[PDB]
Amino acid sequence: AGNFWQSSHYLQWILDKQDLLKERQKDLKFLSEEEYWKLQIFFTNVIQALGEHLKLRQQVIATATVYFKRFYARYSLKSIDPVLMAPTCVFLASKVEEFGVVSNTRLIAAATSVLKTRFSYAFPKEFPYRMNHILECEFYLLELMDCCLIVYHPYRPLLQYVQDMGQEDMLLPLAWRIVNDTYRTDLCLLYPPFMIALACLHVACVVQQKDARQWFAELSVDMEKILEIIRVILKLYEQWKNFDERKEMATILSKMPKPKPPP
């Protein structure tokens, strides 16, 4: 956990954008690119809601989200039902991040109540899986991620950066919230977390009309990659405005490829 450049995250799970888009083609016969992105946001929101119900800290939710994104970056939406995968990712992340093993009753109650209370526009029927399904999906999730469990996030480097600036109280809460928002995109699959952090800090400086051009100039980082991430962030807030998940998600879910049954 101390060295990103030697990590499985860096060496296996920083993916090329073109390969990522190439893999997704299998699912895009059913969904537009736009609808695929919406579905990814939706499931990010589902995982955030599951984590909130279980009272898990943000790092656990973030790790779960990365497992979900990694899984469907390699495999089809129809390979394993994402409705099972989302709580399975939370279950595994809780172990990895040292919260512990969520009890049978708490996990199923969380999935049931969350979909019922907060996502009933997309889920007319109750959560249909039991704990045995979670456990079975957990084994599959573990092997299919090649046993890569330690995930680096932008929160730690963000904190170090704001502290280096001497602007913790001023910039942190906005920058942190922007980091949360980046989980609505593919950025965690595409860029080192410190670069995501810098981009988020930058957007927060823009929003708060804080000039910090000097401090950013004194960093030895690929500014062109940072600018790429900044453009993704600005773009996610335009998509946010235009997306109504409550009005749109039922139709998008019905277009999602479903697992072929056994013959």
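We call the rigid core whatever largest set of C-alpha positions still superposes within 1.5 Å between the two forms. One-based numbering along the sequence shown.
Annotation: of the segments 117-125 and 95-103, 95-103 departs further from this form in 9 other deposited structures of this protein (C-alpha atoms, root mean square over structures and residues, core superposition). Checked against the record, the higher mean CA B factor of 21-29 and 239-247 lies with 21-29. The question of which stretch, 88-96 or 167-175, has the higher mean Cα B factor is settled in favour of 167-175.
When the C-alpha B-factors of 221, 197, 64, 49 are read from the PDB record, the largest value belongs to 221. Within the selection 75, 139, 155, 123, the deposited Cα B-factor values reach their highest point at 123. Annotation for residue 183: C-alpha temperature factor in the lowest third relative to the rest of the modelled chain, per the entry.
Among all modelled residues in this chain, the alpha-carbon of residue 225 has a temperature factor (C-alpha) in the highest third.
Placement of the Cα temperature factor of residue 42 within the chain: lowest third of the modelled residues, per the deposited record.
Ranked by C-alpha B-factor against the other modelled residues of its chain, residue 56 falls in the middle third. Residue 144 sits in the middle third of its chain by CA B factor, as recorded in the PDB entry.
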